[PDB]
8 protein chains.
Amino acid sequence: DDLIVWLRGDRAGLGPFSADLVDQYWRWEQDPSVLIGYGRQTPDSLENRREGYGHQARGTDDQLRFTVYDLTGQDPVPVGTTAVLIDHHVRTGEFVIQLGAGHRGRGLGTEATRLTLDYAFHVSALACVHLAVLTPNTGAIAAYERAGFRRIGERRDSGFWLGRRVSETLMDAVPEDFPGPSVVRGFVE
Amino acid sequence: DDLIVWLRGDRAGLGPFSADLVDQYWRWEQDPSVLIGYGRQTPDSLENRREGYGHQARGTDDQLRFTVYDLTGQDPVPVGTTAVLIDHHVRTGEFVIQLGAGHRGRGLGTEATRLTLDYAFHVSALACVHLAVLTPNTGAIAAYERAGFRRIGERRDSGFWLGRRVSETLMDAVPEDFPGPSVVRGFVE
Amino acid sequence: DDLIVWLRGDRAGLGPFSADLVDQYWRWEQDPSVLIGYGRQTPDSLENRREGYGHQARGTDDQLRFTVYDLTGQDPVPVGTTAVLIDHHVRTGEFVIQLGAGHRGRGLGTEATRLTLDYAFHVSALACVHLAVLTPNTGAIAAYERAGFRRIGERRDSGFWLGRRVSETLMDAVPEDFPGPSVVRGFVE
Amino acid sequence: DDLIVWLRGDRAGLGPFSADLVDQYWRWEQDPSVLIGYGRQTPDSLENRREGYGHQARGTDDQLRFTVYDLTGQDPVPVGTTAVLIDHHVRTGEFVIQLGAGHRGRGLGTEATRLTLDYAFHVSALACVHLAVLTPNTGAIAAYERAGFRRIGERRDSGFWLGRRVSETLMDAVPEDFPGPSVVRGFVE
Amino acid sequence: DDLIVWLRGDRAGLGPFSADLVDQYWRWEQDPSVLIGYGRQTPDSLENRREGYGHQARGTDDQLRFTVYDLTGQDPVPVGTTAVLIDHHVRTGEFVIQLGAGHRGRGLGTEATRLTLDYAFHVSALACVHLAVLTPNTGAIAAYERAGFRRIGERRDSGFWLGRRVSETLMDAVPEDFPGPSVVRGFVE
Amino acid sequence: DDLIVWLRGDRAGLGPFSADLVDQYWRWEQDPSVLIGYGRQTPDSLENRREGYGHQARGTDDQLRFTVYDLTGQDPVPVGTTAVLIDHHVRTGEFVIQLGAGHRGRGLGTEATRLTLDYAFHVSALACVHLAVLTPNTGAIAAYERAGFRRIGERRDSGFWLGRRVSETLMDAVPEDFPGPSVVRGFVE
Amino acid sequence: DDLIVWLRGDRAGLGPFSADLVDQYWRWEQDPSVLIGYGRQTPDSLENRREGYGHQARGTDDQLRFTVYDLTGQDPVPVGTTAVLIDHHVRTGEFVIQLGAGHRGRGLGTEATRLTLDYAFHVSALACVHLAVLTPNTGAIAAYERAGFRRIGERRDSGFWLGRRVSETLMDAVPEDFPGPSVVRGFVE
Amino acid sequence: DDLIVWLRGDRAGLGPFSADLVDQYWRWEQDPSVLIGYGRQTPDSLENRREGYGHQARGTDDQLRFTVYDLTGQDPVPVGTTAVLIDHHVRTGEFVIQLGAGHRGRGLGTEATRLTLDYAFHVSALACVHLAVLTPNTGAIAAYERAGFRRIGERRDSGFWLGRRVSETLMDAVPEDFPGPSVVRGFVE
Ligand SMILES: CC(=O)SCCNC(=O)CCNC(=O)[C@H](O)C(C)(C)COP(=O)(O)OP(=O)(O)OC[C@H]1O[C@@H](n2cnc3c(N)ncnc32)[C@H](O)[C@@H]1OP(=O)(O)O
Ligand SMILES: CC(=O)SCCNC(=O)CCNC(=O)[C@H](O)C(C)(C)COP(=O)(O)OP(=O)(O)OC[C@H]1O[C@@H](n2cnc3c(N)ncnc32)[C@H](O)[C@@H]1OP(=O)(O)O
Ligand SMILES: CC(=O)SCCNC(=O)CCNC(=O)[C@H](O)C(C)(C)COP(=O)(O)OP(=O)(O)OC[C@H]1O[C@@H](n2cnc3c(N)ncnc32)[C@H](O)[C@@H]1OP(=O)(O)O
Ligand SMILES: CC(=O)SCCNC(=O)CCNC(=O)[C@H](O)C(C)(C)COP(=O)(O)OP(=O)(O)OC[C@H]1O[C@@H](n2cnc3c(N)ncnc32)[C@H](O)[C@@H]1OP(=O)(O)O
Ligand SMILES: CC(=O)SCCNC(=O)CCNC(=O)[C@H](O)C(C)(C)COP(=O)(O)OP(=O)(O)OC[C@H]1O[C@@H](n2cnc3c(N)ncnc32)[C@H](O)[C@@H]1OP(=O)(O)O
Ligand SMILES: CC(=O)SCCNC(=O)CCNC(=O)[C@H](O)C(C)(C)COP(=O)(O)OP(=O)(O)OC[C@H]1O[C@@H](n2cnc3c(N)ncnc32)[C@H](O)[C@@H]1OP(=O)(O)O
Ligand SMILES: CC(=O)SCCNC(=O)CCNC(=O)[C@H](O)C(C)(C)COP(=O)(O)OP(=O)(O)OC[C@H]1O[C@@H](n2cnc3c(N)ncnc32)[C@H](O)[C@@H]1OP(=O)(O)O
Ligand SMILES: CC(=O)SCCNC(=O)CCNC(=O)[C@H](O)C(C)(C)COP(=O)(O)OP(=O)(O)OC[C@H]1O[C@@H](n2cnc3c(N)ncnc32)[C@H](O)[C@@H]1OP(=O)(O)O
């Protein structure tokens, strides 16, 4: 009962960024695959994440932070995190996502991204959500395309993939391109 | 016995803004339906609400904060919160209200608003209580009209409803329009 | 040359909220006619205004503050102040205005309000600008109507006019109702 | 002699971000045309810019700030500012530029951007410089293309131009696409 | 389960710099053989190491710190520490390593250094990793050569070995010289 | 008379790091040629150098800082700076040097480096002075070789020269290789 | 197992300056015989020693502090303390030693001093260790001579022995005079 | 008249450590010959000496600091500094002295040392004054011997002279060996 779920899809759900899961967040974020995908170069320390959680909690006015839940089992189980950094001046947000090691390839990222778009469009009233993703990270590309993002173009020589200088793909999503039924509309009506 | 009730109506009651219910207040306020109705765009964090409760408690000179109780059962059960921000210079207040997910449609909002008007008129000696409500939120409109509010007009393009730009309805209530018997008069006489 | 002018109309102009004019701002704001029109009940002290100017200058992210200039003479002469309090979450702002004692009835308020609407619509990208004005203040009503505001309705018994309890008129303006040519479009094109 | 010039082109030059010009920087940055082009919605206050200059000066490890000079006259005259925010983890920077009101259309922006690219590529050893520009700002588009930037694509509905929701163009530049002779190579050899 | 392992080789592995092992780190670092090899002249105090651990944890942006694990047994057992001090301006790092007294000569240092090179090249995207080692410390020389380092030369009279003034050997490693299969590539692909 | 000179050679001299020359030090250090030679990527701000001078002055226990003087004229004129960072544990120091734009190629760097070696060997009693220099910086190589440094080797891919990844040359000097007469011996005997 | 031993001789050993033994250190140091031998005139208080231990632990860069162990029994038992105050500028240290009341005359001081010399010469790379000892303290003289110290001379009238003004003997030791096998060489080879 | 003189000999005198001469003290102390003689390895900064003067002035309970005066001219002229660090527990002090560059070889050091001994013996009531001097510094040896010091012995390999490891000579002086008439006795009788 402690694990609150706000948005419930068919396969995934979103809930708040609970403080009981800060060590799990640290372990997910310091996985080498996530470091490669994000492009972070150094692991962070657990003490520093524990300290940073308080500042993350205080600064919530222009930031969405969710814990994604796998709803295929009897009870929800957290599988990753999603975040949108909101710029209230232009109604846009920047989207990032990562899942745990054992939860990838099962589709949870696609519906997690779709639910994040639903929340950002229909609760936050954002006009555009955009992301930057390293070009070789093709799985994320496909997940974002099916979630509702569209390709803008490639920013040449702007990241490292396994030490090699590679481009990164810029993608964006707009409310009129949002696929599938919206859970938030079900909440309101 | 810990749950203090000040005003007791037929279906609802009002009591103080107890500190034992801060987590319940957070869970009510972060529900997506309440976020849509209020027009808030980002969830707040539990730590930030816990911190803010102390400041809310200290600043009570020009602020009413109540917990609404359902009195239909054997014991009172809290179902929502009501607040009036008081401007002592002109004897007016701004009214907001929200209930929990499972308590809507049973009428508790109407008598909660009516009791809030009774307290604001007959204890706080306010000359006018007003509110701003998004136009598509028709249930709140009907509840406010039966509680004692009257429509002023529509403020065009001043809010978002499911990402769509919509108007909001301005309403106000005056003591000479207060319907039904007053509990506070029963307290005094 | 010290008096910077950003927007130049036919009769009026807008510039920044200069620190050399804080005493003039205090004298304008403490005039009994402005106190009656705004509904403020006590004069403020010059020391307190001098202290507050620094905090006003620091907090500029969601606030417009202009000094209105009379451009009918050889050089600009400041005649009043205009302000818009911006709510970035919904792209709306609340508008207030006052002129000095000897500058009223010459039309400067109308073009000052119109230029403020031009700036708020075409630079700040606001969807709605609204105001609250005491009903007996009919001159302000006419000035706002010709500037581009439209009447919403009356909030009953929500202010004092010469000690008498009176209503206040709510007005709003939208970009599609903005009259006349826009100076900002001339800046851009 | 006080105006230091580091890079000297045919028409323009770059020098340090001198503290004697903070008021001129404020006046340039608060011009309505620059506010429209950048997409900033509120003017900043002179006191706040004066305070911020110290923090800008202290934080120079990952930030380039230049004052652009017009070298067509007998002595250099500052005409604008250029900045690159450096991300040392991936050797990339984000580029912004603005000129004063009377210096546009004379070409100074093109060589200012080209010299900024020369410095960023050949002194800072950056692999990619990128920018975000509102689509209707076509003059900046042409200036950036001739300076050495190439178009990536359009980020849909991510900015306001005169209150209208418009897209913004993403551009980037790489060392192998840098046009013309490099001044920095002349410094070294 | 508390002992996290990120990189797993055949004989060794790398994990985070856990706080539960600060006393073990102190005992390893104060061993006379490690003091001779590093060239440190005075033992450090346990209280000072306990204090320093917090500062080491906070400063992780340009520093790699690993605990090396022996994976030959049923469960991982920590045997030493490796560190890379990163200079993000030029994509280079300085490498140091020490093992516990009973774990030397079994090969763990070679694969620990190789895995550190793998992480530094393929996650941190470093172009060069270099080290300084006292010339008489021939075992470390052989371990570094087989791990992937190459000899640069000798810095004359720049260290003490058992009180005698001796030279130190400078070595470096580049990605194109990295031997053997990379674990990180297995993580990504 | 204010310009103190400690060591006087035939062409050059060394004196203390006077506070009257902090702006001249800033202008020398921010020259693009010095930034290329040192490998620094961003200019520093004058305010930050002025602040840092106090901390540089306080920390003199393990640091040599000199201003080099040209003694060919009637009076000494400062032409550059030299520094040695001392590690008292092993009696070694790291050497850096830069001259002003108009003073290079006249030989002053060679005798400045030689006098710095004389001071470091015969006053500081250092056993080894070493340096790191980018390989394409051949003039510095020749100056250091004639001053008394000897080549160790090349550290591959450890710096940028005009944006290109290049190696850097490691050099060292020992007292028994110190060429020419020593001024310090003249001071003592 | 808590009692760490670094250097192990035939009769004695040296380990770190453990915090569990601060009261034992106080009791040893306040013994009247140690006060006479050192020449201290007043006892120190236990609270002051407990406070000072933290500062002693923090300042370890130029200070050796050991606890001497008697290794004749089954387990090590601490019998005294040895200290060397290091001057890193000239590679010299000043040596002091005291044992507990019941451990003198059994030889432990001689090997404790010899092991301290071994550590100071072969780990700290000191060129000279010296001491000052009151002339009537003949037992310490003999112990120091057999440990490896040689007599310099007598500093006349520079101490008190039982209230009488007496001279103190100055002694020093150099690596080339170090007697017996070195444990540290066994650690390294 | 500002230059106070306490002790007046035939050729030299001693006075207080005036604050008007802090820059002259810095210039004397940073002369390379004084650095060689004392054995200091790095010059100190003028700001640091100016800061340290206040702390030197406050701590005068166990410290003598004099400015030596040349009394051969019409008025006293300061030529150096002398200091005695007093250990009140045993009535002993450690003596140091340096003169300016142009005042050596004229005998002023001998009478300055003799007057310092007179003050230390007959005002401070010290039983022994001692010094440590590098062995090659033979002029200081002769000056100290004629002033009243006697040789104790040589501390082997405890200093550097022009980079060479040399011994230092230990000397001491006692009241019964004080040569010549005492000025202080003339003050008292
Ligand atoms: C915003 C940024 O900066 S990008 C950073 C992204 N974060 C990371 O990469 C960290 C590690 N990766 C992850 O956490 C996750 O993989 C995410 C969040 C990127 C989402 O990836 P997934 O959850 O696996 O996508 P998902 O599981 O919904 O399925 C995506 C589709 O991509 C396709 N796909 C998967 N892998 C590959 C591949 N290697 N190549 C091509 N296509 C692939 C599959 O068809 C898959 O459909 P299916 O798995 O449902 O059958
Ligand atoms: C002040 C502001 O800014 S408005 C913010 C209001 N807060 C929220 O909307 C948060 C979510 N909603 C709520 O918490 C509650 O619904 C409140 C506080 C608005 C009150 O709503 P309710 O308590 O359901 O009104 P209530 O239950 O007293 O009945 C209201 C009447 O509205 C009518 N009504 C209910 N839903 C609808 C609807 N979708 N359409 C039209 N009419 C409706 C019904 O006839 C109902 O009568 P009944 O339910 O007693 O039979
Ligand atoms: C936002 C709020 O809370 S309302 C607070 C308003 N502030 C104040 O009232 C302070 C004192 N008043 C003022 O500073 C100014 O009068 C303002 C800012 C309200 C603007 O008023 P004005 O500048 O005089 O309006 P303006 O001069 O542009 O002309 C307005 C028109 O109103 C009409 N008008 C003026 N007075 C009256 C009146 N007493 N009755 C009816 N109509 C009138 C006139 O036709 C006039 O047209 P004209 O003067 O150009 O010929
Ligand atoms: C990075 C960002 O976020 S974009 C923010 C850009 N900043 C601003 O827009 C603030 C206001 N504008 C400016 O300060 C300047 O115009 C800059 C910095 C954008 C550069 O613009 P300019 O300096 O005028 O470009 P420049 O003068 O070098 O010439 C650019 C070319 O664009 C072309 N051009 C100019 N105006 C237009 C126009 N309205 N439509 C189409 N093309 C145009 C011309 O052919 C011109 O060539 P020319 O003027 O040398 O004959
Ligand atoms: C970066 C610096 O500043 S150097 C500081 C290094 N740190 C230290 O020296 C502290 C003490 N030493 C250690 O901790 C470890 O010995 C390390 C980290 C240096 C690595 O040494 P090792 O782990 O023993 O190397 P490793 O075990 O992988 O084998 C190295 C090879 O060197 C060779 N080798 C070992 N000892 C010697 C020796 N005395 N002489 C010559 N060759 C030797 C062996 O052939 C060995 O192969 P093998 O042991 O697998 O059969
Ligand atoms: C320690 C480090 O990190 S290296 C950083 C060095 N700093 C810099 O490079 C900043 C800019 N450069 C300088 O300040 C100076 O050039 C220094 C300090 C490097 C010294 O260079 P110089 O003072 O010119 O050397 P110097 O003048 O004594 O003469 C050096 C010799 O190099 C030779 N030389 C000069 N230029 C070149 C060249 N481009 N190619 C080959 N050889 C050259 C000449 O024969 C010259 O002899 P000469 O000039 O007396 O006839
Ligand atoms: C550094 C300074 O300032 S000196 C301060 C020294 N500290 C103290 O004196 C405090 C009290 N004393 C002590 O703690 C210890 O006695 C120490 C540390 C000085 C060492 O003294 P010891 O450990 O007894 O010397 P040790 O036991 O190794 O033997 C020394 C030799 O001196 C000789 N000796 C002992 N006592 C005397 C004596 N009274 N007269 C002459 N010779 C003596 C013996 O032959 C002895 O050989 P042996 O005891 O092995 O048979
Ligand atoms: C306490 C310490 O740590 S020692 C540090 C001493 N400080 C310094 O050395 C700094 C530089 N030197 C000085 O400041 C001064 O020389 C001092 C303070 C050491 C005193 O030296 P002086 O004042 O020259 O001694 P003084 O002038 O009184 O005469 C000393 C005698 O030494 C003899 N002497 C002088 N130089 C030499 C020499 N190179 N070799 C042998 N004998 C010499 C002379 O016979 C001289 O007699 P005279 O000069 O009166 O005819």
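In each ligand, atom 1 is the first atom listed, and ligand 1 is the first ligand listed. Just so it is clear: chains get the letters A, B, ... in the order the sequence lines come, proteins before strands, and each one is counted from 1.
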Quiz item: What atoms in ligand 2 come closer than 4.0 Å to a heavy atom of B:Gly109?
Solution: 23 (O), 28 (O)
Practice problem: Flag B:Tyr38 as yes when one of its N or O atoms lies below 3.5 Å from any N or O atom of ligand 2, and as no otherwise. | Solution: no
Quiz item: Using a heavy-atom cut-off of under 4.0 Å, does the side chain or the backbone of A:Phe187 touch ligand 2, or both, or neither?
Solution: neither
Quiz prompt | Numbering as shown, the atoms of ligand 2 that approach B:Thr138 to under 4.0 Å (heavy-atom distance) | solution = 38 (C), 40 (N), 41 (C)
Quiz item: Do B:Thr169 and B:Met171 come within less than 4.5 Å of each other through their side chains, counting heavy atoms only?
Solution: yes
Self-check item: Which residue and heavy atom of the protein sit nearest atom 19 (C) of ligand 1, plus the separation
Solution: A:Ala140 CB, 3.7 Å
Quiz item: Heavy-atom contact under 4.0 Å between B:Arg146 and ligand 2?
Solution: yes
Exercise. Select the closest option to atom 14 (O) of ligand 4 among D:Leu131, D:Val96, D:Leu99, D:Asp31, judged by heavy-atom distance.
Key: D:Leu99
Exercise. Indicate yes or no: does B:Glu111 engage B:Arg11 in a salt bridge with an N to O separation below 4.0 Å.
Key: no
Self-check item: Protein heavy atom under 4.0 Å of atom 17 (C) of ligand 4
Solution: no
Self-check item: Electrostatic pair A:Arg185:A:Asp118 at N-O distance under 4.0 angstrom
Solution: no
Practice problem: Run down the list B:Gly105, B:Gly80, B:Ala101, B:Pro32 and name the one with the heavy atom closest to atom 51 (O) of ligand 2. | Solution: B:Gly105
Quiz item: Have B:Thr135 and B:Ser167 got a donor and an acceptor in their side chains that come within less than 3.5 Å?
Solution: yes
Quiz item: At a 4.0 Å threshold, what atoms of ligand 4 neighbour a non-hydrogen atom of D:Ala142?
Solution: 32 (O)
Quiz item: To the nearest 0.1 Å, how far is atom 15 (C) of ligand 1 from its closest protein heavy atom, and which atom is that?
Solution: A:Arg104 CG, 4.0 Å
Quiz prompt | B:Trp28 and B:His103 aromatic ring geometry - parallel, tilted or perpendicular at 30°/60° bounds | solution = perpendicular
Self-check item: Carboxylate-amine/guanidinium proximity below 4.0 Å for A:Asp172 and A:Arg151
Solution: no
Quiz item: Which of the atoms in ligand 2, numbered in the order shown and given with their element, are less than 4.0 Å from a heavy-atom of B:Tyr144?
Solution: 1 (C), 2 (C), 4 (S), 5 (C), 6 (C)
Quiz item: Any N or O of A:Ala132 that comes nearer than 3.5 Å to an N or O of ligand 1?
Solution: yes
Quiz item: Taking the inter-plane angle between the rings of A:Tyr144 and A:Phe95 on a 0 to 90° scale, is it parallel (under 30°), tilted (30 to 60°) or perpendicular (over 60°)?
Solution: perpendicular
Exercise. Run the numbers for me: atoms of ligand 2, each under 4.0 Å from some heavy atom of B:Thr110, listed by number.
Key: 26 (P), 28 (O)
Practice problem: Starting from atom 34 (N) of ligand 1, locate the nearest protein heavy atom and write down its residue, its atom name and how far away it is, to 0.1 Å. | Solution: A:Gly139 CA, 3.9 Å
Exercise. Write out the residue and atom name of the closest protein heavy atom to atom 9 (O) of ligand 1, then the distance separating them to 0.1 Å.
Key: A:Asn137 ND2, 3.1 Å
Self-check item: Heteroatom distance test (A:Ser33, ligand 1): nitrogen or oxygen, under 3.5 angstrom
Solution: no
Quiz item: With a cut-off of 4.0 Å, which atoms of ligand 2 are near a heavy atom of B:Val133?
Solution: 4 (S)
Quiz item: Atoms of ligand 2 less than 4.0 Å from B:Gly107 heavy atoms?
Solution: 26 (P), 27 (O), 28 (O), 50 (O)
Practice problem: Would you check whether D:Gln98 has a nitrogen or oxygen atom less than 3.5 angstrom from a nitrogen or oxygen atom of ligand 4? | Solution: no
Quiz item: Numbering the atoms of ligand 2 from 1, which are under 4.0 Å from a heavy atom of B:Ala143?
Solution: 25 (O), 30 (C)
Quiz item: Any idea which atoms of ligand 2 are less than 4.0 Å away from a heavy-atom of B:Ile97?
Solution: 5 (C), 6 (C), 7 (N), 18 (C)
